[PDB]
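*Asks:* Just my_file.txt, nothing more (compact mmCIF, C-alpha atoms and all ligand atoms):
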# COMPACT_ATOMS: atom_id res chain seq x y z
CA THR E 842 16.60 120.29 118.69
CA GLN E 843 14.70 119.49 115.50
CA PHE E 844 16.11 118.46 112.07
CA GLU E 845 14.27 119.79 109.01
CA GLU E 846 13.98 117.22 106.18
CA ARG E 847 14.51 119.87 103.52
CA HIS E 848 18.04 120.54 104.92
CA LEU E 849 19.17 116.86 104.86
CA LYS E 850 21.43 116.56 101.79
CA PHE E 851 21.93 112.97 100.59
CA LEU E 852 25.62 112.13 100.18
CA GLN E 853 26.04 108.34 99.95
CA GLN E 854 24.11 105.19 100.71
CA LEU E 855 25.77 103.38 103.68
CA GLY E 856 23.86 100.15 103.83
CA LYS E 857 20.62 98.27 104.15
CA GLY E 858 19.33 96.38 107.21
CA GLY E 861 15.37 100.06 106.57
CA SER E 862 18.41 101.83 105.08
CA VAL E 863 21.14 104.08 106.43
CA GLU E 864 22.47 107.01 104.37
CA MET E 865 25.32 109.41 104.93
CA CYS E 866 23.77 112.97 104.78
CA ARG E 867 24.97 116.50 105.39
CA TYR E 868 22.48 118.35 107.72
CA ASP E 869 23.00 121.70 106.00
CA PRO E 870 20.39 124.38 107.13
CA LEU E 871 22.83 127.22 106.13
CA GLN E 872 22.77 125.71 102.55
CA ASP E 873 26.56 126.50 102.05
CA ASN E 874 27.83 122.82 102.47
CA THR E 875 29.35 123.63 105.92
CA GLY E 876 26.77 121.39 107.76
CA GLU E 877 27.50 118.33 109.91
CA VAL E 878 27.78 114.97 108.17
CA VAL E 879 25.32 112.50 109.94
CA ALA E 880 23.98 108.96 109.45
CA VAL E 881 20.25 108.79 108.73
CA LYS E 882 18.10 105.70 109.11
CA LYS E 883 14.80 105.54 107.25
CA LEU E 884 12.28 102.79 106.34
CA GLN E 885 11.97 101.19 102.88
CA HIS E 886 8.57 99.55 103.69
CA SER E 887 6.99 101.94 106.17
CA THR E 888 4.07 99.63 107.18
CA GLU E 889 2.20 100.44 110.49
CA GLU E 890 4.00 97.40 112.13
CA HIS E 891 7.53 98.43 110.90
CA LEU E 892 6.92 102.09 111.91
CA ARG E 893 5.81 100.98 115.46
CA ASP E 894 8.98 98.79 115.66
CA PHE E 895 11.20 101.64 114.29
CA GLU E 896 9.73 104.03 116.89
CA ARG E 897 10.71 101.54 119.60
CA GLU E 898 14.32 101.36 118.18
CA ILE E 899 14.42 105.19 118.30
CA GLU E 900 13.31 105.19 121.95
CA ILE E 901 15.89 102.45 122.78
CA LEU E 902 18.78 104.32 121.12
CA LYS E 903 17.77 107.71 122.68
CA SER E 904 17.82 106.05 126.15
CA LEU E 905 21.47 104.80 125.73
CA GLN E 906 24.44 107.10 126.52
CA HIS E 907 27.68 105.16 126.47
CA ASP E 908 31.10 105.59 124.85
CA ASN E 909 30.63 102.25 123.09
CA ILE E 910 27.03 102.83 121.78
CA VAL E 911 26.43 104.84 118.54
CA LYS E 912 25.05 108.34 119.43
CA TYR E 913 21.42 109.22 118.87
CA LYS E 914 21.18 112.85 117.51
CA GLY E 915 17.50 113.30 116.76
CA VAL E 916 14.44 112.51 114.72
CA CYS E 917 13.21 114.18 111.56
CA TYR E 918 9.45 114.24 111.19
CA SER E 919 9.09 116.60 108.20
CA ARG E 922 4.78 110.90 111.92
CA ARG E 923 4.27 108.09 109.39
CA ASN E 924 7.77 108.75 107.69
CA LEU E 925 10.29 109.16 110.60
CA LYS E 926 14.04 109.45 110.08
CA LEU E 927 16.46 108.58 112.83
CA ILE E 928 19.52 110.90 112.92
CA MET E 929 22.70 109.50 114.39
CA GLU E 930 26.41 110.39 114.46
CA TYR E 931 28.33 109.27 111.38
CA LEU E 932 31.33 106.97 112.33
CA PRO E 933 33.86 107.44 109.52
CA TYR E 934 35.92 104.19 109.70
CA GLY E 935 32.83 102.04 108.79
CA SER E 936 31.67 98.75 110.25
CA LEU E 937 34.14 96.71 112.21
CA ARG E 938 33.43 93.81 109.80
CA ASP E 939 34.54 96.08 106.79
CA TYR E 940 37.44 97.66 108.74
CA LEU E 941 38.87 94.26 109.79
CA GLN E 942 38.22 92.60 106.37
CA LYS E 943 40.26 95.53 104.83
CA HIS E 944 43.24 95.67 107.26
CA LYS E 945 43.24 91.95 108.42
CA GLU E 946 46.35 90.87 110.52
CA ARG E 947 47.66 94.54 110.39
CA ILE E 948 45.16 94.96 113.35
CA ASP E 949 47.16 93.06 116.04
CA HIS E 950 45.80 90.98 118.99
CA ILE E 951 46.26 93.90 121.51
CA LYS E 952 44.07 96.04 119.15
CA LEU E 953 41.46 93.21 118.76
CA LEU E 954 41.25 92.82 122.59
CA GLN E 955 40.82 96.64 123.01
CA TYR E 956 37.75 96.37 120.62
CA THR E 957 36.58 93.19 122.44
CA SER E 958 36.68 94.98 125.86
CA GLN E 959 34.72 97.96 124.35
CA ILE E 960 32.06 95.65 122.81
CA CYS E 961 31.70 93.91 126.29
CA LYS E 962 31.35 97.34 127.97
CA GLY E 963 28.64 98.55 125.56
CA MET E 964 26.86 95.20 125.99
CA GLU E 965 27.13 95.27 129.82
CA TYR E 966 25.63 98.80 129.82
CA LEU E 967 22.76 97.67 127.49
CA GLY E 968 22.01 94.75 129.92
CA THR E 969 21.64 97.23 132.84
CA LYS E 970 18.60 98.70 130.88
CA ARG E 971 17.18 95.10 130.44
CA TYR E 972 17.66 95.37 126.64
CA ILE E 973 18.49 92.24 124.52
CA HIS E 974 20.37 93.25 121.36
CA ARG E 975 19.56 89.93 119.47
CA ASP E 976 21.94 90.80 116.54
CA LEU E 977 25.44 91.14 118.00
CA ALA E 978 27.84 90.59 114.99
CA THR E 979 30.85 92.51 113.61
CA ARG E 980 28.54 93.96 110.88
CA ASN E 981 26.63 95.76 113.76
CA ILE E 982 29.77 97.27 115.36
CA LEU E 983 31.13 100.63 114.01
CA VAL E 984 34.63 102.03 114.11
CA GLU E 985 34.89 105.68 115.27
CA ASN E 986 38.70 105.73 115.01
CA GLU E 987 41.62 103.26 115.59
CA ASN E 988 40.99 103.40 119.38
CA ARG E 989 37.17 103.23 119.66
CA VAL E 990 34.36 100.97 118.46
CA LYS E 991 30.61 101.32 119.13
CA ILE E 992 27.63 98.97 118.94
CA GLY E 993 25.05 99.88 116.27
CA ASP E 994 21.81 98.63 114.78
CA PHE E 995 19.29 98.32 117.65
CA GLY E 996 16.69 97.19 115.02
CA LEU E 997 16.15 93.75 116.61
CA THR E 998 16.52 94.92 120.26
CA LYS E 999 13.84 93.75 122.73
CA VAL E 1000 13.05 94.97 126.21
CA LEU E 1001 12.78 92.13 128.78
CA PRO E 1002 9.28 91.83 130.39
CA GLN E 1003 9.20 93.00 134.07
CA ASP E 1004 8.84 89.43 135.51
CA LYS E 1005 11.05 87.41 133.04
CA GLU E 1006 14.79 87.07 132.19
CA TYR E 1007 13.93 86.15 128.54
CA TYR E 1008 11.94 87.60 125.61
CA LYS E 1009 10.08 85.01 123.42
CA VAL E 1010 9.76 86.01 119.71
CA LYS E 1011 6.43 84.46 118.48
CA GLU E 1012 6.71 84.97 114.69
CA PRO E 1013 10.42 85.36 113.76
CA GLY E 1014 11.48 87.33 110.70
CA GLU E 1015 14.93 86.98 109.04
CA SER E 1016 17.23 85.61 111.76
CA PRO E 1017 21.08 85.47 111.97
CA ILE E 1018 20.87 81.73 112.87
CA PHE E 1019 24.65 81.20 112.67
CA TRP E 1020 25.06 83.68 115.69
CA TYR E 1021 22.06 82.18 117.65
CA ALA E 1022 22.18 80.38 120.97
CA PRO E 1023 20.52 76.85 120.87
CA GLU E 1024 17.51 78.04 122.95
CA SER E 1025 16.97 80.91 120.46
CA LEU E 1026 16.89 78.31 117.64
CA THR E 1027 14.63 75.86 119.47
CA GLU E 1028 12.28 78.10 121.52
CA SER E 1029 12.92 81.65 120.04
CA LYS E 1030 14.04 82.71 123.61
CA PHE E 1031 16.36 85.69 123.84
CA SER E 1032 18.18 86.86 126.91
CA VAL E 1033 21.44 88.50 128.16
CA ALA E 1034 22.82 84.88 128.00
CA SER E 1035 21.93 84.51 124.27
CA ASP E 1036 23.66 87.91 123.53
CA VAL E 1037 26.71 86.41 125.43
CA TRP E 1038 26.56 83.34 123.06
CA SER E 1039 26.48 85.86 120.04
CA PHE E 1040 29.43 87.76 121.63
CA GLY E 1041 31.51 84.51 121.50
CA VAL E 1042 30.64 84.39 117.74
CA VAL E 1043 31.80 88.06 117.44
CA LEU E 1044 35.11 87.04 119.18
CA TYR E 1045 35.46 84.22 116.62
CA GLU E 1046 34.78 86.72 113.75
CA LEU E 1047 37.54 89.01 115.06
CA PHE E 1048 40.22 86.31 115.46
CA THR E 1049 39.42 84.85 111.94
CA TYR E 1050 39.94 88.41 110.52
CA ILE E 1051 36.59 88.04 108.59
CA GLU E 1052 38.15 85.29 106.29
CA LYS E 1053 35.04 84.29 104.11
CA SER E 1054 36.01 80.52 104.01
CA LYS E 1055 36.18 80.62 107.85
CA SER E 1056 32.93 82.62 108.46
CA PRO E 1057 30.33 81.18 110.98
CA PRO E 1058 27.87 80.39 108.02
CA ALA E 1059 30.71 78.66 105.99
CA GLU E 1060 31.93 76.60 108.98
CA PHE E 1061 28.54 75.55 110.31
CA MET E 1062 27.39 74.63 106.72
CA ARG E 1063 30.52 72.44 106.35
CA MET E 1064 29.69 70.71 109.71
CA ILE E 1065 26.03 70.09 108.89
CA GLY E 1066 26.79 69.36 105.17
CA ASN E 1067 26.45 71.91 102.27
CA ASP E 1068 23.53 69.78 100.93
CA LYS E 1069 21.25 71.05 103.78
CA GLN E 1070 18.69 73.74 102.69
CA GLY E 1071 16.10 76.11 104.15
CA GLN E 1072 14.44 74.86 107.41
CA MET E 1073 16.66 71.63 107.33
CA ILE E 1074 19.71 73.91 108.09
CA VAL E 1075 17.98 74.98 111.41
CA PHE E 1076 17.05 71.34 112.22
CA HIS E 1077 20.67 70.11 111.63
CA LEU E 1078 22.26 73.16 113.33
CA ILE E 1079 20.16 72.48 116.53
CA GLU E 1080 21.27 68.78 116.60
CA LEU E 1081 24.88 69.78 115.92
CA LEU E 1082 24.99 72.35 118.80
CA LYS E 1083 23.19 69.81 121.14
CA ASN E 1084 26.01 67.32 120.42
CA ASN E 1085 28.77 69.95 121.14
CA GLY E 1086 29.56 70.70 117.49
CA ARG E 1087 31.26 74.14 117.60
CA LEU E 1088 33.19 76.62 115.48
CA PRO E 1089 36.97 75.75 115.53
CA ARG E 1090 39.79 77.60 117.23
CA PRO E 1091 40.79 80.31 114.63
CA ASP E 1092 44.39 79.94 113.33
CA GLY E 1093 46.82 81.71 115.69
CA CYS E 1094 44.13 82.54 118.30
CA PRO E 1095 45.61 82.74 121.84
CA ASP E 1096 44.37 79.77 123.97
CA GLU E 1097 42.89 82.16 126.66
CA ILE E 1098 40.76 83.94 123.98
CA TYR E 1099 39.56 80.62 122.52
CA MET E 1100 38.65 79.55 126.14
CA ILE E 1101 36.39 82.65 126.44
CA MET E 1102 34.58 81.76 123.11
CA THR E 1103 33.99 78.16 124.26
CA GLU E 1104 32.57 79.40 127.62
CA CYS E 1105 30.19 81.81 125.80
CA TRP E 1106 29.06 78.81 123.69
CA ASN E 1107 27.77 76.77 126.65
CA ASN E 1108 24.49 74.86 126.03
CA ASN E 1109 23.62 75.55 129.72
CA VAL E 1110 22.34 79.17 129.70
CA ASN E 1111 23.29 79.78 133.39
CA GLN E 1112 26.92 78.65 132.90
CA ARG E 1113 27.61 81.36 130.26
CA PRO E 1114 29.83 84.22 131.64
CA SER E 1115 28.43 87.69 132.36
CA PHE E 1116 29.43 90.77 130.28
CA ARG E 1117 30.71 92.31 133.56
CA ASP E 1118 33.12 89.33 134.03
CA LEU E 1119 34.04 89.18 130.30
CA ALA E 1120 35.17 92.93 130.39
CA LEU E 1121 37.26 92.19 133.57
CA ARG E 1122 38.82 89.06 131.94
CA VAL E 1123 39.62 90.73 128.59
CA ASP E 1124 41.16 93.79 130.38
CA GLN E 1125 43.36 91.42 132.49
CA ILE E 1126 44.50 89.60 129.21
CA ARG E 1127 45.27 93.10 127.68
CA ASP E 1128 47.24 94.04 130.87
CA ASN E 1129 49.24 90.73 130.75
CA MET E 1130 50.00 91.33 127.01
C1 LIG E 1201 22.48 99.53 107.66
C2 LIG E 1201 23.80 100.16 108.09
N1 LIG E 1201 24.88 99.62 107.27
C3 LIG E 1201 26.13 100.16 107.18
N2 LIG E 1201 26.45 101.32 107.92
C4 LIG E 1201 27.73 101.80 107.77
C5 LIG E 1201 28.12 102.97 108.54
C6 LIG E 1201 29.36 103.59 108.47
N3 LIG E 1201 29.45 104.63 109.39
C7 LIG E 1201 28.28 104.69 110.07
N4 LIG E 1201 28.01 105.57 111.09
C8 LIG E 1201 26.75 105.45 111.65
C9 LIG E 1201 25.80 104.46 111.18
CL1 LIG E 1201 24.29 104.39 111.99
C10 LIG E 1201 26.08 103.55 110.13
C11 LIG E 1201 27.38 103.65 109.54
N5 LIG E 1201 28.69 101.24 106.94
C12 LIG E 1201 28.37 100.12 106.22
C13 LIG E 1201 27.10 99.54 106.31
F1 LIG E 1201 26.82 98.48 105.62
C14 LIG E 1201 24.00 99.87 109.59
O1 LIG E 1201 23.37 100.53 110.45
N6 LIG E 1201 24.94 98.88 109.95
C15 LIG E 1201 25.13 98.54 111.36
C16 LIG E 1201 26.18 99.35 112.05
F2 LIG E 1201 25.90 100.65 112.06
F3 LIG E 1201 26.33 98.99 113.33
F4 LIG E 1201 27.37 99.20 111.50
Just dump the structure as structure tokens.
*Replies:*
Amino acid sequence: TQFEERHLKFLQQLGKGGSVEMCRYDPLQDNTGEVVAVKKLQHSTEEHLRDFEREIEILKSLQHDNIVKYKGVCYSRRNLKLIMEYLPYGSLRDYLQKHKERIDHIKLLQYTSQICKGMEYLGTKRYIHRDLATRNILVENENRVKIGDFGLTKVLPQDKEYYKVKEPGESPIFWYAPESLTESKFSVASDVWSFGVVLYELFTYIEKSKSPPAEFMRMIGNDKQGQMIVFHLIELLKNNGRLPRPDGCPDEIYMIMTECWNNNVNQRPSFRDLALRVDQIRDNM
């Protein structure tokens, strides 16, 4: 089913990544329409449009409880709008920064298992998210989270287990595996490294002073700037410099983070095994 542009009523700006707006799709024009999230492009260049069309195809191909729902496209070709369900509790980063320790460990592990499940499903389609962070996870309700923003997602070539990015754009370097920093190589294993960073974000309750950029900048020295940050971060990770155990983090959860942060790509755990491990921890708790 088609969405007519004229019937998309702007309600509120949600955020910028392209931008996402909360809209009411109201073809009856009586304000009874469904509230949806709408992604559109700021700079709709031929390159960005081709890349956005790929994100649309990726999201449309995913049907999982822990993946944000594709609804449709509004064409009303060169100015596409991606229509998705609107998740009312916001990003997990915002949700956790607001409630903090009121979200207990059993609740954090329920979200962790769900993130692993959405990620494991994505891997079955040979998709590499490349931007797994709490800012890209949405909260549907207290019992369900979903992965969002497939804007950096790559499809693995037929004959390779990695995707090489030739000319990188803005990169979330503080969530990047060493091989992503050194060779711009992205794989299921590098999303697993990012997942360990997400686990760290959760157990630090999004405390700004404890954030992965704040901690890695302290380890490399706050005097490092621009490309020197990448140079020093690479040497730090090579020499086993890592984010600390968050205060009050259960030992078994910290063990998982450290295993995701293995310099050896092949030694990192799989998302299938991480969901099994997290569910066992939840069961024991
Ligand atoms: C740029 C957009 N930013 C934001 N979006 C929302 C949001 C709430 N509820 C939502 N429901 C469906 C969608 Cl698609 C977005 C939101 N809230 C705060 C934001 F800063 C974004 O896509 N962020 C990635 C992810 F969706 F994973 F959280």
*Asks:* I'd like the contact shell of range 943-950 of chain E - 9 Å cut-off, only C-alpha atoms, skipping same-chain residues fewer than 2 positions apart - returned as an mmCIF file with C-alpha atoms, in the coordinates of the input.
*Replies:*
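Ended up saving to around.cif:
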data_model
loop_
_atom_site.group_PDB
_atom_site.id
_atom_site.type_symbol
_atom_site.label_atom_id
_atom_site.label_comp_id
_atom_site.auth_asym_id
_atom_site.auth_seq_id
_atom_site.Cartn_x
_atom_site.Cartn_y
_atom_site.Cartn_z
ATOM 1 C CA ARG E 938 33.430 93.810 109.800
ATOM 2 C CA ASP E 939 34.540 96.080 106.790
ATOM 3 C CA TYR E 940 37.440 97.660 108.740
ATOM 4 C CA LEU E 941 38.870 94.260 109.790
ATOM 5 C CA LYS E 952 44.070 96.040 119.150
ATOM 6 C CA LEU E 953 41.460 93.210 118.760
ATOM 7 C CA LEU E 954 41.250 92.820 122.590
ATOM 8 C CA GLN E 955 40.820 96.640 123.010
ATOM 9 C CA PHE E 1048 40.220 86.310 115.460
ATOM 10 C CA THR E 1049 39.420 84.850 111.940
ATOM 11 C CA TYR E 1050 39.940 88.410 110.520
ATOM 12 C CA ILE E 1051 36.590 88.040 108.590
ATOM 13 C CA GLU E 1052 38.150 85.290 106.290
ATOM 14 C CA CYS E 1094 44.130 82.540 118.300
ATOM 15 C CA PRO E 1095 45.610 82.740 121.840
ATOM 16 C CA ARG E 1127 45.270 93.100 127.680
#
*Asks:* So how far away is CA of residue 891 in chain E from CA of residue 1072 in chain E, in Å?
*Replies:* 24.8 Å
*Asks:* List the spatial neighbours of residue 844 in chain E as a PyMOL selection string - criterion: any atom at most 10 Å away, only C-alpha atoms, same-chain residues fewer than 5 positions off excluded.
*Replies:* chain E and resi 849+868-870+914-919+926-928
*Asks:* Can you tell me how far CA of residue 1102 in chain E sits from CA of residue 1038 in chain E, in Å to one decimal?
*Replies:*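 The value is 8.2 Å.
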*Asks:* Step by step, measure atom-to-atom distances between ligand LIG 1201 (chain E) and each residue using all atoms listed in the file, keep those at most 8 Å, then write them as a PDB file with C-alpha atoms, keeping the file's coordinate frame.
*Replies:*
ATOM      1  CA  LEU E 855      25.770 103.380 103.680  1.00  0.00           C
ATOM      2  CA  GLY E 856      23.860 100.150 103.830  1.00  0.00           C
ATOM      3  CA  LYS E 857      20.620  98.270 104.150  1.00  0.00           C
ATOM      4  CA  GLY E 858      19.330  96.380 107.210  1.00  0.00           C
ATOM      5  CA  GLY E 861      15.370 100.060 106.570  1.00  0.00           C
ATOM      6  CA  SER E 862      18.410 101.830 105.080  1.00  0.00           C
ATOM      7  CA  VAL E 863      21.140 104.080 106.430  1.00  0.00           C
ATOM      8  CA  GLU E 864      22.470 107.010 104.370  1.00  0.00           C
ATOM      9  CA  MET E 865      25.320 109.410 104.930  1.00  0.00           C
ATOM     10  CA  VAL E 879      25.320 112.500 109.940  1.00  0.00           C
ATOM     11  CA  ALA E 880      23.980 108.960 109.450  1.00  0.00           C
ATOM     12  CA  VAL E 881      20.250 108.790 108.730  1.00  0.00           C
ATOM     13  CA  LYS E 882      18.100 105.700 109.110  1.00  0.00           C
ATOM     14  CA  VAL E 911      26.430 104.840 118.540  1.00  0.00           C
ATOM     15  CA  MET E 929      22.700 109.500 114.390  1.00  0.00           C
ATOM     16  CA  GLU E 930      26.410 110.390 114.460  1.00  0.00           C
ATOM     17  CA  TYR E 931      28.330 109.270 111.380  1.00  0.00           C
ATOM     18  CA  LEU E 932      31.330 106.970 112.330  1.00  0.00           C
ATOM     19  CA  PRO E 933      33.860 107.440 109.520  1.00  0.00           C
ATOM     20  CA  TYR E 934      35.920 104.190 109.700  1.00  0.00           C
ATOM     21  CA  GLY E 935      32.830 102.040 108.790  1.00  0.00           C
ATOM     22  CA  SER E 936      31.670  98.750 110.250  1.00  0.00           C
ATOM     23  CA  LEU E 937      34.140  96.710 112.210  1.00  0.00           C
ATOM     24  CA  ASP E 939      34.540  96.080 106.790  1.00  0.00           C
ATOM     25  CA  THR E 979      30.850  92.510 113.610  1.00  0.00           C
ATOM     26  CA  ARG E 980      28.540  93.960 110.880  1.00  0.00           C
ATOM     27  CA  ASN E 981      26.630  95.760 113.760  1.00  0.00           C
ATOM     28  CA  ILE E 982      29.770  97.270 115.360  1.00  0.00           C
ATOM     29  CA  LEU E 983      31.130 100.630 114.010  1.00  0.00           C
ATOM     30  CA  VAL E 984      34.630 102.030 114.110  1.00  0.00           C
ATOM     31  CA  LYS E 991      30.610 101.320 119.130  1.00  0.00           C
ATOM     32  CA  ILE E 992      27.630  98.970 118.940  1.00  0.00           C
ATOM     33  CA  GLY E 993      25.050  99.880 116.270  1.00  0.00           C
ATOM     34  CA  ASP E 994      21.810  98.630 114.780  1.00  0.00           C
TER      35      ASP E 994
END
*Asks:* Counting only C-alpha atoms, which residue out of E:1075, E:1047, E:1126, E:1033 sits closest to residue 1019 in chain E?
*Replies:*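 Answer, going by the shortest atom-to-atom distance: E:1075.
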*Asks:* Could you pull the residues within 9 Å of residue 999 in chain E, counting all atoms listed in the file, minus those fewer than 4 positions along the same chain, as a PDB file with C-alpha atoms, keeping the file's coordinate frame?
*Replies:*
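Saved result, selection-v5.pdb, follows:
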ATOM      1  CA  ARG E 897      10.710 101.540 119.600  1.00  0.00           C
ATOM      2  CA  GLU E 898      14.320 101.360 118.180  1.00  0.00           C
ATOM      3  CA  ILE E 901      15.890 102.450 122.780  1.00  0.00           C
ATOM      4  CA  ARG E 971      17.180  95.100 130.440  1.00  0.00           C
ATOM      5  CA  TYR E 972      17.660  95.370 126.640  1.00  0.00           C
ATOM      6  CA  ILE E 973      18.490  92.240 124.520  1.00  0.00           C
ATOM      7  CA  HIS E 974      20.370  93.250 121.360  1.00  0.00           C
ATOM      8  CA  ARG E 975      19.560  89.930 119.470  1.00  0.00           C
ATOM      9  CA  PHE E 995      19.290  98.320 117.650  1.00  0.00           C
ATOM     10  CA  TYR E1008      11.940  87.600 125.610  1.00  0.00           C
ATOM     11  CA  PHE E1031      16.360  85.690 123.840  1.00  0.00           C
TER      12      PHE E1031
END
*Asks:* Can you measure CA of residue 876 in chain E to CA of residue 851 in chain E for me? One decimal in Å is fine.
*Replies:* 12.1 Å
*Asks:* With distances taken over all atoms listed in the file, which of E:1020, E:895, E:1116, E:913 is nearest to residue 1037 in chain E?
*Replies:* E:1116
*Asks:* Between E:1042, E:1018, E:1034, E:884, which residue has the minimum interatomic distance to residue 1091 in chain E, considering all atoms listed in the file?
*Replies:*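 Selected residue with least distance to residue 1091 in chain E: E:1042.
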*Asks:* Which residue, E:1100, E:1081, E:1005, E:1071, has the smallest gap to residue 1045 in chain E when you use only C-alpha atoms?
*Replies:*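 Looking only at the distances to residue 1045 in chain E, the closest residue turns out to be E:1100.
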*Asks:* Might you pull out every residue within 12 Å of residue 1084 in chain E, with only C-alpha atoms counted and same-chain residues fewer than 4 positions away left off, and present them as a list in words?
*Replies:*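 Surrounding residues, per the criterion: residues 1023, 1064, 1065, 1077, 1078, 1079, 1080, 1107 and 1108 of chain E.
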